[PDB]
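Chemist: The structure under discussion is supplied below as structure tokens; questions concerning it will follow.
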Amino acid sequence: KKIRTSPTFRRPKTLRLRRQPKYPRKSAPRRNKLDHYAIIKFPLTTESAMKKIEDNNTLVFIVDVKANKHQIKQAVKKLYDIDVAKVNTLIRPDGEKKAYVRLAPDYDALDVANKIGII
Amino acid sequence: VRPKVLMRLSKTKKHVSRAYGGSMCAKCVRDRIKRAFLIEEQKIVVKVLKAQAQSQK
Amino acid sequence: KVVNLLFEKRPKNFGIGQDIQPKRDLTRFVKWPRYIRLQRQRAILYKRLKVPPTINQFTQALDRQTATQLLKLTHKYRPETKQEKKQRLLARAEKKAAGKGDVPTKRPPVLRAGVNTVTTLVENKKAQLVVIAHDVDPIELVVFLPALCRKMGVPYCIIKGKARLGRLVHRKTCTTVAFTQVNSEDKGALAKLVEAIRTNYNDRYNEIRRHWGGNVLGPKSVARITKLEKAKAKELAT
Amino acid sequence: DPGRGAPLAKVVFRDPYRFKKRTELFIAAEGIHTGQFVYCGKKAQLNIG
RNA sequence: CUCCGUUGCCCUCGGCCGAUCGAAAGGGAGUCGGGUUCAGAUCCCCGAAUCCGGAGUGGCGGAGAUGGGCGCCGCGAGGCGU
RNA sequence: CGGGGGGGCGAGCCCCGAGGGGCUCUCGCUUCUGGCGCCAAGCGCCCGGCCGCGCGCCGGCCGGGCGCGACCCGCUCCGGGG
Ligand SMILES: [Mg+2]
Ligand SMILES: [Mg+2]
């Protein structure tokens with residue numbers, strides 16, 4: 001005597017368990033391939049890019065094409081012990097992703113050019 | 001204003017402060033009031049006339 | 001007055017169109033899924049149709065008073081469980097190489113379970129009683145058995161529940177069962193059942209063999225057909 | 001209702017049973033004015049609509 | 001481990017309506033002046049903005065919200081008890 | 001739904017004692033007006049804690065649970081064919 005108020009039968013909601021696999025299904029976890037040496041390929045040194053460094057506190061980077069801005073930002077930060085105001089990406093007709101990276105005002109591009117070797 | 005904009009606006013821009021405020025138009029509320037008597041009262045008048053018909057019968 | 005004036009009544013009325021209707025049980029006004037609907041109207045057909053004798057006999061069965069003696073009787077007598085089996089062997093392995101053992105003992109009398117086991121030892125007249133489950137799924141497997149049993153003059157019987165018959169022998173289900181021998185002391189109770197059973201079965205056959213058992217309509221139809229015989233009685237009985 | 005000579009009428013009853021309001025579409029009988037209560041079913045009285 | 005969170009199960013409530021795609025012209029919140037290049041500019045910069053989401057611990061104000069009565073004590077502003 | 005059974009305001013008939021009963025009908029109760037109407041009141045019966053009487057299924061306070069309300073049984077989810 002648990003009466004039926006509704007005139008449908010809806011399936012009873014059963015218990016359903018969580019995977020307790022007897023092995024892992026692949027041995028090891030895949031080594032991460034988008035790194036803080038791989039996501040950035042090279043800084044550009046084009047005249048319209050030197051002009052962009054000196055005048056706008058930016059750096060012009062070619063970047064690995066699967067990169068996001070929060071990846072390009074935690075890359076450029078990690079490496080040229082820098083910090084980044086904002087990233088701003090395009091895809092060159094060629095498939096190379098550019099990303100020109102504004103560096104916070106406390107902090108200069110024209111110095112960090114000579115550190116990374118460009119100029 | 002275009003409806004998604006209503007999410008920005010304050011409560012008071014979207015109603016007027018009443019019964020059925022901001023959905024219904026005064027003129028229909030104040031009939032809904034004085035309809036809601038006379039429906040109610042004349043169930044009472046039928047209630048007593050029924051009671052008197054069964055008191056007679 | 002220990003009765004606050006406010007708690008009133010507000011008694012509702014669920015006439016058509018008056019106050020909104022409440023929640024009754026609807027078990028007949030509900031959508032019975034395709035297994036249920038189906039199994040429901042197997043049981044109906046299986047009464048509605050004209051069922052054959054041989055399949056009917058698998059309705060009429062034992063009663064509490066008889067059944068419970070049977071299943072008492074068997075409980076002295078269930079075939080060795082596993083574990084219980086192991087120590088029948090293990091004890092003879094230690095008793096053989098210690099304090100003598102020819103090792104035939106005396107195999108104590110027990111049940112006999114399956115059909116093509118039973119039917120052989122019914123066809124051999126090696127059975128005092130045979131218990132048959134009624135609800136067996138392909139009925140094929142036990143249609144004959146009663147006929148066979150009465151020809152050999154072997155007391156057969158039809159107990160309810162292939163489960164509770166298949167719980168004696170330690171399984172899910174079982175269709176038949178049999179006592180070939182009994183312990184001497186336990187033979188008064190066996191011969192008590194046997195005589196009680198075969199008044200009721202083996203010596204009935206021309207009552208069972210010619211009894212069709214369905215052809216029963218639905219009570220909704222029956223209530224209507226009978227309500228026309230109060231019209232036809234009360235036309236020219238008045 | 002396009003491609004159809006008769007006008008329809010939306011008539012809101014209410015579900016005798018769930019707190020709600022079923023609405024339907026009757027083919028408008030002539031003399032259906034807007035604001036009519038339309039009585040339906042066995043015991044209903046014999047008038048238009 | 002306070003209180004809160006998280007999860008486990010137990011009880012409780014839920015009609016829908018079709019696994020899914022379909023607009024670079026239909027539906028769809030919110031960015032614009034000025035500046036700048038050889039080529040790009042509501043895209044870069046300067047300044048003014050704005051939407052959506054998050055804000056828990058609640059960041060800070062303001063509302064909820066600060067009476068009245070009665071009773072005392074105090075000249076009176078007033079203080080206290082309820 | 002089909003049977004049953006409650007109800008009962010009421011009609012026919014039957015009975016009747018004039019209280020009433022039985023059988024039949026009726027209902028199953030919403031029609032003058034762009035009104036409101038769900039998640040249950042009421043009664044009942046119980047149990048947890050806590051407080052008071054102290055015998056505590058006495059009484060209060062706090063907190064729950066089931067029954068009626070919302071008759072009972074079934075065998076085809078309702079309808080029309082065959
Ligand atoms: Mg799409
Ligand atoms: Mg568009």
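We label chains A, B, ... in the order they appear in the structure tokens, count residues from 1 in each chain, and number ligands from 1 in the order shown.
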Check every protein, DNA and RNA residue against ligand 2, keep those with an atom at most 9 Å away (counting only C-alpha atoms (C1' of nucleotides) and all ligand atoms), and present them as a PyMOL selection string.
Modeler: chain E and resi 23-28
Chemist: If the cut-off is 7 Å, can you tell me the residues of chain D near chain F, counting only C-alpha atoms (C1' of nucleotides)? I'd like them as a PyMOL selection string.
Modeler: chain D and resi 18-19+35
Chemist: What is the distance, in Å and to one decimal place, between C1' of residue 23 in chain F and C1' of residue 1 in chain F?
Modeler: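 Computing it gives 25.5 Å between the two atoms.
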Chemist: Give me, as a PyMOL selection string, the set of residues whose atoms come within 10 Å of any atom of ligand 1, counting only C-alpha atoms (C1' of nucleotides) and all ligand atoms.
Modeler: chain E and resi 20-23
Chemist: Excluding same-chain residues fewer than 4 positions from residue 35 in chain B, what lies within 12 Å of it counting only C-alpha atoms (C1' of nucleotides), as JSON, numbers by chain?
Modeler: {"B": [28, 29, 30, 31, 39, 40, 41, 42], "F": [33, 34, 35, 36]}
Chemist: Select residues of chain C: the criterion is any atom within 10 Å of an atom of chain A, counting only C-alpha atoms; output as a count of residues only.
Modeler: 12
Chemist: Identify, on the basis of only C-alpha atoms (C1' of nucleotides), every residue whose closest approach to residue 117 in chain A does not exceed 12 Å; exclude the query and any residue fewer than 5 positions from it along the same chain; express the result as a ChimeraX atom specification.
Modeler: /A:42-45,80,110-112
Chemist: Mind dumping a table of every chain C residue within 12 Å of chain F, with the nearest atom pair and its distance in Å to one decimal, using only C-alpha atoms (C1' of nucleotides), sorted by chain and rising number, as CSV?
Modeler:
```
residue,atom,partner,partner_atom,distance
C:2,CA,F:60,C1',11.6
C:6,CA,F:41,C1',11.8
C:7,CA,F:42,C1',8.6
C:8,CA,F:42,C1',7.3
C:9,CA,F:42,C1',5.0
C:10,CA,F:41,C1',5.2
C:11,CA,F:41,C1',6.2
C:12,CA,F:41,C1',8.2
C:13,CA,F:29,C1',8.6
C:14,CA,F:70,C1',8.9
C:15,CA,F:29,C1',6.4
C:16,CA,F:30,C1',6.4
C:17,CA,F:30,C1',4.7
C:18,CA,F:30,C1',4.6
C:19,CA,F:37,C1',6.5
C:20,CA,F:38,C1',7.3
C:21,CA,F:38,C1',9.0
C:22,CA,F:70,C1',7.2
C:23,CA,F:70,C1',8.0
C:24,CA,F:70,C1',7.3
C:25,CA,F:70,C1',10.2
C:26,CA,F:77,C1',10.0
C:27,CA,F:77,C1',9.5
C:28,CA,F:77,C1',6.9
C:29,CA,F:77,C1',5.2
C:30,CA,F:77,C1',5.9
C:31,CA,F:77,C1',6.0
C:32,CA,F:77,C1',7.8
C:33,CA,F:77,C1',10.7
C:37,CA,F:77,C1',9.6
C:38,CA,F:76,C1',11.4
C:40,CA,F:76,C1',8.8
C:41,CA,F:76,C1',7.4
C:42,CA,F:76,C1',10.7
C:43,CA,F:75,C1',9.2
C:44,CA,F:75,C1',6.9
C:45,CA,F:76,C1',9.4
C:46,CA,F:75,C1',11.7
C:47,CA,F:75,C1',9.8
C:48,CA,F:76,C1',10.0
C:216,CA,F:75,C1',10.5
C:217,CA,F:75,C1',9.0
C:218,CA,F:75,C1',5.9
C:219,CA,F:75,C1',6.7
C:220,CA,F:2,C1',4.9
C:221,CA,F:2,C1',8.2
C:222,CA,F:2,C1',9.6
C:223,CA,F:3,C1',6.7
C:224,CA,F:2,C1',8.5
C:225,CA,F:2,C1',12.0
C:226,CA,F:3,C1',11.4
C:227,CA,F:3,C1',10.7
```
Chemist: Write the selection just made, keeping C-alpha atoms, as a short mmCIF file (atom, residue, chain, number, x, y, z; two decimals), in the first residue's frame?
Modeler:
```cif
data_model
loop_
_atom_site.label_atom_id
_atom_site.label_comp_id
_atom_site.auth_asym_id
_atom_site.auth_seq_id
_atom_site.Cartn_x
_atom_site.Cartn_y
_atom_site.Cartn_z
CA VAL C 2 -9.81 25.18 25.26
CA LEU C 6 -9.87 30.59 14.60
CA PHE C 7 -9.34 26.90 13.77
CA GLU C 8 -12.36 26.44 11.52
CA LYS C 9 -13.12 23.75 8.88
CA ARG C 10 -12.69 24.78 5.21
CA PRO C 11 -14.27 21.45 4.15
CA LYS C 12 -13.79 20.98 0.42
CA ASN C 13 -16.18 19.34 -2.06
CA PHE C 14 -14.89 17.34 -5.06
CA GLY C 15 -17.87 17.19 -7.23
CA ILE C 16 -17.26 17.65 -10.93
CA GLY C 17 -16.02 21.23 -11.53
CA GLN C 18 -16.21 22.14 -7.79
CA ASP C 19 -12.95 21.99 -5.83
CA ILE C 20 -10.06 20.32 -7.56
CA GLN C 21 -9.78 16.62 -7.30
CA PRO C 22 -7.44 14.80 -4.93
CA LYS C 23 -5.11 11.88 -5.38
CA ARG C 24 -6.77 8.45 -5.52
CA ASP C 25 -4.96 5.20 -6.12
CA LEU C 26 -5.28 4.44 -9.81
CA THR C 27 -3.60 1.06 -10.18
CA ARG C 28 -6.21 -0.02 -12.82
CA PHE C 29 -5.99 3.73 -14.70
CA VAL C 30 -2.19 3.59 -15.05
CA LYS C 31 0.10 2.55 -17.98
CA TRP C 32 1.30 -1.00 -17.24
CA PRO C 33 4.60 -1.45 -19.25
CA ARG C 37 0.55 -5.63 -19.53
CA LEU C 38 1.73 -8.83 -21.21
CA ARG C 40 -1.13 -9.65 -16.88
CA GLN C 41 -2.88 -10.85 -20.05
CA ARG C 42 -1.22 -14.18 -20.15
CA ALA C 43 -2.95 -14.99 -16.86
CA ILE C 44 -6.18 -13.69 -18.38
CA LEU C 45 -6.00 -15.78 -21.62
CA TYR C 46 -4.87 -18.72 -19.55
CA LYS C 47 -8.29 -18.48 -17.81
CA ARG C 48 -10.29 -17.10 -20.81
CA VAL C 216 -14.62 -18.21 -17.94
CA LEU C 217 -15.43 -14.69 -19.11
CA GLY C 218 -14.48 -11.39 -17.44
CA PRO C 219 -16.49 -10.32 -14.42
CA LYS C 220 -17.41 -7.14 -16.34
CA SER C 221 -18.96 -9.30 -19.09
CA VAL C 222 -20.47 -11.79 -16.58
CA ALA C 223 -22.12 -9.00 -14.54
CA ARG C 224 -23.76 -7.82 -17.77
CA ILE C 225 -24.86 -11.28 -19.09
CA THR C 226 -26.37 -12.11 -15.66
CA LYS C 227 -28.13 -8.70 -15.51
#
```
Chemist: In terms of the shortest atom-to-atom distance over only C-alpha atoms, which of C:61, C:190, C:131, C:177 is closest to residue 110 in chain C?
Modeler: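 The closest residue to residue 110 in chain C is C:177.
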